[PDB]
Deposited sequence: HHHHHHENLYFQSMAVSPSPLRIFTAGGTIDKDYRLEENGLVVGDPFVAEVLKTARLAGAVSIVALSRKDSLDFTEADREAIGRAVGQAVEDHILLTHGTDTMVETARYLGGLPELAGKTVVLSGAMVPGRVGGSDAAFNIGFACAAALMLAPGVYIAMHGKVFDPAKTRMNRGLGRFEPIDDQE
């Protein structure tokens, strides 16, 4: 009965801008290795986090595999790192799965790749890990130091941020 640190959070990675990295062959960026693993490596965690790579790019098949992976996890606190362009569509899909009803599921990512100077990625990862641990069960987007309801959120391209959709 010595103390055992639990590992209540599992992270799944689905690619996106957060993970982009330069390749000579492409003369540009590709979706690379998961940047969340780099951030957690130096986080001096008390426990650990289980990080599972799902994809590196989006068909209903791809969202369905994500829902299967999230639903089959033993953990009830889940972070999914993802591209911002279809994050709302994935989040809305996950919110329709009854098997997620007792889980806190947070999607996050970055507007700037983690491997590019001046990125929001490390901040967003810390914020989203906490959100996944602390929010009540449901599906959320955590970006810009804010929690978003997927049914009432859109990307504002001129602003470069997600914004809430006001009730009419």
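Residues 1-12, 70-73, 185 of the deposited sequence, counted from 1, carry no C-alpha coordinates in the model.
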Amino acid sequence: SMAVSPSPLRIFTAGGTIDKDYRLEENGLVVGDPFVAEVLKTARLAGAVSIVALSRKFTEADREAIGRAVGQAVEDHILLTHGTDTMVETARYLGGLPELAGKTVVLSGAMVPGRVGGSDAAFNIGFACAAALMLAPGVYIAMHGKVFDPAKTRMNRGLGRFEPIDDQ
From here on, numbers count along this sequence of modelled residues.
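Mean CA B-factor, 30-38 versus 60-68: the higher value falls on 60-68. As recorded in the PDB entry, 97-105 is the stretch of 46-54 and 97-105 with the greater mean C-alpha temperature factor.
Listed residues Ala14, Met155, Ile18, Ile11 were ranked by CA B-factor as deposited; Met155 comes out on top.
Per the deposited record, the Cα B-factor of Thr84 falls in the middle third when ranked against the other modelled residues of its chain.
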